[PDB]
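Asks: Below is a structure I'd like to ask you about.
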Amino acid sequence: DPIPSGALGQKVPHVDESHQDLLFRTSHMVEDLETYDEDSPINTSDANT
Amino acid sequence: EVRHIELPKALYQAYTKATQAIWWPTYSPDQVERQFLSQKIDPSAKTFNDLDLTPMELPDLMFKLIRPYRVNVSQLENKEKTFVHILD
Amino acid sequence: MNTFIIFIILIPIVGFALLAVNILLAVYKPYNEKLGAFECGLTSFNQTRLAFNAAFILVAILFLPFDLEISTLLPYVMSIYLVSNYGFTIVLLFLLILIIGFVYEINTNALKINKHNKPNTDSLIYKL
Amino acid sequence: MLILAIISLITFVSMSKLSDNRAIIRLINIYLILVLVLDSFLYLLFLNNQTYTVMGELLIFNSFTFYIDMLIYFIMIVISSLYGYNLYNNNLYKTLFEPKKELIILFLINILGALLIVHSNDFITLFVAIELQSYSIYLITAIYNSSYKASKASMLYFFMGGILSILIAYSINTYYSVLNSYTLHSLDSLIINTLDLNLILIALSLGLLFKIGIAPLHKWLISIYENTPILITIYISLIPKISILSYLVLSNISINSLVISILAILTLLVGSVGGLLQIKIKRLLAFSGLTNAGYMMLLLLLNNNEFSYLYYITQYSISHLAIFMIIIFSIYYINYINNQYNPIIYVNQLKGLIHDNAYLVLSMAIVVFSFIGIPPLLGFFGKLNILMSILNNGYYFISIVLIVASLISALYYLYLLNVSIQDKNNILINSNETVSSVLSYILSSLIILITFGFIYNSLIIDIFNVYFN
Amino acid sequence: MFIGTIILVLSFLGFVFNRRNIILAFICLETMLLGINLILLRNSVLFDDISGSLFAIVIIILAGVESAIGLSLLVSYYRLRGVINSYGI
Amino acid sequence: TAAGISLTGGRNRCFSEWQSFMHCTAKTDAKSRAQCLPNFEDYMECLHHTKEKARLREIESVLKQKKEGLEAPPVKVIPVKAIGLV
Amino acid sequence: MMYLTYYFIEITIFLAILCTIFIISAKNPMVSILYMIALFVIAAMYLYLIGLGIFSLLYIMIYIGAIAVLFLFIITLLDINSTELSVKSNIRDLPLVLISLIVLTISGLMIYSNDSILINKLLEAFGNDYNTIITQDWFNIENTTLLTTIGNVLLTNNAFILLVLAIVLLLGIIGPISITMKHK
Ligand SMILES: CCCCC/C=C/C/C=C\CCCCCCCC(=O)O[C@H](COC(=O)CCCCCCCCCCCCCCC)COP(=O)([O-])OCC[N+](C)(C)C
């Protein structure tokens, strides 16, 4: 419930299926901090079908 | 892009005169001569109007008239992901 | 300037001369309907690239290793007497190793295009 | 034994169904163990540091190479256990961890390439072995081809590793153009004094070292580590590093190199600082690997590096295996599975692990403190040996930078333990399924080695004195 | 050795500053290997030494296998996406 | 190893210098090894002809700086067709 | 004759430069593959000129006959997008391209020298103003060519290398099947 902090105490995201949205794909972000997941089971539902 | 070259009239007239030696039609020396003449409409002559006719426009016709010589993303990738590209 | 080099230069010249004669003598009257691709007299829609089978890829890809295998035997056949019995044993070992890979390819059915649709063989059962 | 296993496996796997995969892996697992315990006695050949050239001087066998080969066998045994044995028997774990049909063959071929790199006495042997290992590693990165990230990673690996393979080949050919030779054995003290080989040999060193991802060419490999399936990442971030570093340690072609000194400093700084803002577990572990690579890079500047290198690489391999196994074990206790290739992604998903499995967190604490270097854990003695080596040879500024990097990287090491010992609101009461006996025993053996190995330190040095002097 | 060196350098620059397509990257790899082999073969001739030519033969075989594997990787990458972007990697 | 083998399976162009240098290194030790510096020098000379090119540069510089005639048995270049003519 | 035939090597070099530039600048990547084939024919020409016609034939057999064929096969089956060379996209590279060209070319010529002084290192690169003297002897009684000698050393002195190469080719079979075929 308290917001996660990182190794330097900086703000860190909490992750669950919310981060696999429509407006957060193609986000401009460094790969170290990018949370969109193109292998997530909710973005890969009908791939190669 | 269409390639245009400007040349001196003497050089180009000499070329067209030389090329008149082959048996198939080729740009004339007299067509080079006419290249320096702009169209001059007689002030007193009947026109398309007297035939109750209305000429079409070159810009609207050009695409149809020239069709055989025509040269020829973000959503497409996402849509492509759902299809099959390789099979057994 | 031996016959070899002269002959090799001469062949493309003759090809180009025949091409030039055809360009010079045949008529040339392109127009839109003539310029269409011939597909049985009709016109088809432009399509995304066809989905292809993996065997099509696999024949071409597997050509290269097998071709290299075959071509690696050229030094052996050009040196067979010099290396006689030792090299004969070595080349046998090399061939056997490559044959294991051939075995893998054969047993995995890697170049077979399987007809996806097959006759239904299920029994007909009625719940009485 | 290895070549035989590769041939037999290709045939057997060709005749086997996809359901036999794990069984086949188990077989190979026990086979490897047998080779380790029945063929071990061959160490006797190297008594008093006797060196053997083999295969018309293409290969070199000594006590150093024999030890590295044993270590690589042990690592392969541990990693293949993770594919041959199910953590749990439920449907989710079947989906998470299923070995591909050809994966075991690719692992064994890659191990062959690594062992050939280690034993390489001629540059043609080195290049053939390097390309064997590189091609195998690309295929290992690609074999989980339902994953978008893995396929992209495999392409990136192919191209960057190809450019670096080209650099290595060009180095070897410049060496040949100067000396009409393909072996480092032709180098003498007189030759080194007479000719300037520094540019050629450093080009070779850099070509090899960028392939394991030292700074400033670190991000591409870290990306590949992040984007592979976790059980692939455990293998591909360890074996190449061992093979390349062992070859460079045994070759000693960069002694007191200014360029290597500067790149080692940069690697320590980048590895320590760049791990600080990471929130993904695999990126954090990749920066840890970068820092430990810098530590080992320091040993390429001096002669008589064998004891400190062997100690460091052994304890580091043990700790790397242990931390990845702990992360794998913790998957059962997390709330949210991110995807089937990387079930756990963020460090914060370990929050409150102590309330679900206290002894798993004790194992984590031991491993983390070993990475930091607390005595009497193995990591402390690895760092101590490295410091002895570098200070004996006058690398004072680098020793200070080593201390600073150790302190800095301790922060992101402690991040894992910190979140892991906090409180979580809904804790585990009971569960009917137990995690596998085999994998838990293997993890515990690694933890016990990290904890109590120091007891054998003086005995180990005594043996080393008779096999390496 | 000039022709090999120029081929290698220009192929490397083409690979690096490629911002057009992925096939150019494949081609630049192949041609860098070709340039290296050319340099090696000239030195082999000037020394009258078979070691250079032996290494060149091995380089040719390895370039073949590397081409096969690289194109397999490309096809596997294509299988999920159906297209290659001008950043396709 | 293929070291020492020429393009025709014999001994390569600089084999003799290399073999004499290897004899030297085999007889000496690390402390004495510098005693073998001339042999190695000769080896590198055979490989790269550096001193020979320098000496030719010197001779050619002095040749092109002379207007006085040369009276010595000369070198004559002939067509390959004229090998053995006259 | 002489004027052309003396500078055949230089012509191959100039053609190689031009062919590489054409590879990188081609609009259609198929045209780029064709210019790669052209570069390989030029390399075969150079190898013939320096006395290695057998390697000319091998390069034609393997890199054009096999590798370029696979290249074309793949670009035909696959959907590739490409952008054209343009100032908007590529003039930004010109400074780095120029610095890298000079530095890499000079260093690639200097890595061959053994002189302590850097300027002498670079100067030796352009230092072949002399002809090699080709001489005869009679010690070789056998008809041993380059291919025969390669076979001799590859199958006896370096047999281990041949067997390891067999493993590499095994990889070139097993791997493509592993990632391009879907089992069951
Ligand atoms: C019955 C067959 C069982 C043998 C199977 C061995 C598998 C190796 C697997 C994993 C490697 C783990 C570390 C290997 C131990 C090094 C032995 C040695 O002393 O290393 C020395 C060289 O020291 C070094 O450089 C430094 C080594 C750094 C070790 C750092 C870890 C220390 C903690 C280990 C504590 C020991 C646990 C004992 C549990 C009661 C080589 O000794 P050696 O080459 O003469 O061979 C030994 C004779 N042998 C083949 C029969 C076994």
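Bear in mind that the values in this text are calculations on the coordinates, not laboratory data. In this analysis, Cβ positions are derived from the backbone assuming ideal geometry, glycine residues included, and neighbour counts consider all displayed protein chains.
Asks: Can you give the Rg to Rh ratio of chain F, both from alpha-carbon atoms, with Rh computed by the Kirkwood formula?
Replies: In chain F, Rg relative to Rh is 1.18.
Asks: Sticking with the crude label model, points 7 Å out along Cα→Cβ, report the distance from D:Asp39 to B:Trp24 in nm, one decimal please.
Replies: Simple spin-label model gives 7.6 nm for this pair.
Asks: Here's another thing I want to ask about it. In the stretch E:15-89, what chymotrypsin sites (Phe, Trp or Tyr not before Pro) fall in a loop by DSSP, with at most 14 other Cβ atoms inside 10 Å?
Replies: Here the sparse-neighbourhood loop sites are E:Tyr87.
Asks: Another one. Loop by DSSP (not H, G, I, E, B), at most 15 other beta-carbon atoms within 10 Å: where is the longest site-free stretch of chain F for GluC sites (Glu not before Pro)?
Replies: It works out to F:1-67.
Asks: Cβ under 12 Å from F:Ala34's Cβ, F:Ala34 left aside: what net charge do those residues give with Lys, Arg +1 and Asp, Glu -1?
Replies: Within the 12 Å Cβ shell, the charges total -1.
Asks: Grab the beta carbon distance between G:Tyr48 and A:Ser27, set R0 = 51 Å, and tell me the FRET efficiency rounded to 0.05.
Replies: Efficiency at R0 = 51 Å is approximately 0.35.
Asks: By a straight-distance test (C-alpha under 26 Å), which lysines pair with B:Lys17 as possible cross-link partners, with residues fewer than eight away in the same chain excluded?
Replies: Reachable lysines: B:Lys9, C:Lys29.
Asks: For n ≥ 4 DSSP H runs only, could you compute -39500 (n - 2.57) per run for the protein assembly as shown, divide by its residues and tell me the 222 nm figure to the nearest 500?
Replies: Rounded to the nearest 500, it is -19500 deg cm²/dmol.
Asks: Turning to a different aspect of this structure: Quick one: if you take sqrt(5λ) for each eigenvalue of the C-alpha gyration tensor of chain C, what semi-axes come out, biggest first, whole angstrom?
Replies: They are 45, 43, 9 Å, listed from largest to smallest.
Asks: Run the count for chain F, please: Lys pairs, Cα-Cα under 30 angstrom, 8 or more apart or on different chains.
Replies: Counting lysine pairs in chain F gives 13.
Asks: If you place +1 on the Cβ of every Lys and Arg and -1 on the Cβ of every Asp and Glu, how big does the dipole about the Cα centre of the stretch D:9-143 come out, in debye to the nearest 20?
Replies: 600 debye
Asks: Here's something else I'd like to know. Strictly over 28 Å apart at the Cα level, which of B:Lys81/D:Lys211; D:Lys100/D:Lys383; D:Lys280/D:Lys383; C:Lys34/C:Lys115 would you flag in this model?
Replies: Going by Cα-Cα distance, B:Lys81/D:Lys211; D:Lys100/D:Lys383; C:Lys34/C:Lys115 fall outside the 28 Å limit.
Asks: Find the eigenvalues of the gyration tensor of the Cα atoms of chain B, then list the square roots of 5 times those eigenvalues as equivalent ellipsoid semi-axes, largest first, in whole angstrom.
Replies: In descending order, the three semi-axes are 47, 28, 13 Å.
Asks: Can you list the residues of the stretch G:143-161 with backbone N under 14 Å from a point 7 Å past the Cα of C:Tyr86, pointing along Cα to Cβ?
Replies: G:151-161
Asks: Just to compare against my own numbers: the Cα pair-distance distribution for the protein assembly as shown, 20 Å bins, whole % per bin, please.
Replies: 10, 37, 33, 15, 5, 1, 0
Asks: All other residues with a Cβ under 12 Å from the Cβ of D:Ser134 taken together, and with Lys, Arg as +1 and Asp, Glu as -1, what is their net charge?
Replies: Taking every Cβ under 12 Å from that of D:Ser134, the sum is -1.
Asks: To the nearest 0.05, what FRET efficiency results for D:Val438 and A:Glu34 with a Förster distance of 41 Å applied to their C-beta separation?
Replies: 0.65
Asks: Further, regarding this structure: Take the Cα of C:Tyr28, step 7 Å along the line toward its Cβ, and report every residue of the stretch B:55-88 whose backbone nitrogen sits under 17 Å from that point.
Replies: Residues B:69 qualify, since their backbone N sits under 17 Å from the label point.
Asks: Hand me the GluC sites (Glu not before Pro) from the stretch B:5-62 located in a DSSP loop with no more than 16 other Cβ atoms within 10 Å, in residue order please.
Replies: In loop regions of the stretch B:5-62 (DSSP not H, G, I, E or B), the sparsely surrounded GluC sites (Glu not before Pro) are B:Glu6, B:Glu57.
Asks: Could I ask something else about it? Could you pull out the GluC sites (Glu not before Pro) across the stretch C:1-107 that fall in loop regions by DSSP (anything but H, G, I, E, B) with no more than 14 other Cβ atoms inside 10 Å?
Replies: C:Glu33
Asks: Can you give me the convex hull volume of the Cα atoms of chain D, divided per residue and expressed in Å³?
Replies: With only Cα atoms used, chain D gives 141 Å³ per residue.
Asks: Distance in nm between label sites at D:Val54 and D:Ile3, each 7 Å beyond Cα in the beta-carbon direction?
Replies: Result for the modelled spin labels: 1.1 nm.
Asks: For the stretch D:134-182, what does the relative contact order come out to in percent, with C-alpha contacts under 8 Å and a separation of six or more?
Replies: 25 percent.
Asks: Net charge near G:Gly175, counting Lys/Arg +1 and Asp/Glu -1 over other residues with Cβ under 14 Å of its Cβ?
Replies: After counting each charged neighbour, the total is -2.
Asks: So, one more: Measure out, as a whole number of angstrom, how far apart the alpha-carbon centroids of the stretch D:303-322 and the stretch D:425-469 sit.
Replies: Cα centres, the stretch D:303-322 to the stretch D:425-469: 16 Å.
Asks: Sort the following peptides by mean Cβ neighbour count (other Cβ atoms within 10 Å, averaged over residues), highest first: D:92-101, D:309-318, B:76-85, A:25-34.
Replies: D:309-318, D:92-101, B:76-85, A:25-34
Asks: Which are the unpartnered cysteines of the protein assembly as shown, meaning those with no other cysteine Cβ under 4.7 Å from their Cβ?
Replies: C:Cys40, E:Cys28, G:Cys19
Asks: Compute the distance from the alpha-carbon center of the stretch B:6-26 to that of the stretch D:6-71, in whole Å.
Replies: Centre-to-centre (Cα) distance: 82 Å.
Asks: OK, next. Which one of G:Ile37, G:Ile174, G:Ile60 has the biggest mean-square fluctuation once chain G is modelled by GNM with Cα springs under 10 Å?
Replies: Per the Cα network of chain G with a 10 Å cutoff, G:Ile174 tops the list.
Asks: Which whole-number percent is the relative contact order of chain D (Cα, under 8 Å, 6+ apart)?
Replies: Dividing the mean separation by the residue count of chain D yields 16 percent.
Asks: Work out the FRET efficiency for D:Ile30 and G:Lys88 from their Cβ-Cβ distance, taking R0 = 56 Å, and round it to the nearest 0.05.
Replies: 0.35
Asks: Let me confirm one metric for peptide F:49-56, namely the mean number of other chain beta-carbon atoms within 10 Å of its residues' beta-carbons.
Replies: 2
Asks: Taking only the Cα atoms of the stretch G:5-184, how large is their convex hull per residue, in Å³?
Replies: Residue-normalised Cα hull volume stands at 244 Å³.
Asks: Moving to a separate point now. What is the stretch G:5-184's relative contact order, in percent, from Cα pairs under 8 angstrom and six or more apart in sequence?
Replies: With pairs under 8 Å counted, the relative contact order is 13 percent.
Asks: Quick check on the exposure proxy: order B:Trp24, D:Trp220, G:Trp138 from fewest to most C-beta atoms within 10 angstrom.
Replies: G:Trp138, B:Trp24, D:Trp220
Asks: Moving to a separate point now. Once you put a point 7 Å from the Cα of D:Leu18 and another 7 Å from the Cα of G:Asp129, both along the Cβ direction, what distance in nm separates them?
Replies: Distance between the two pseudo-spin positions: 7.2 nm.
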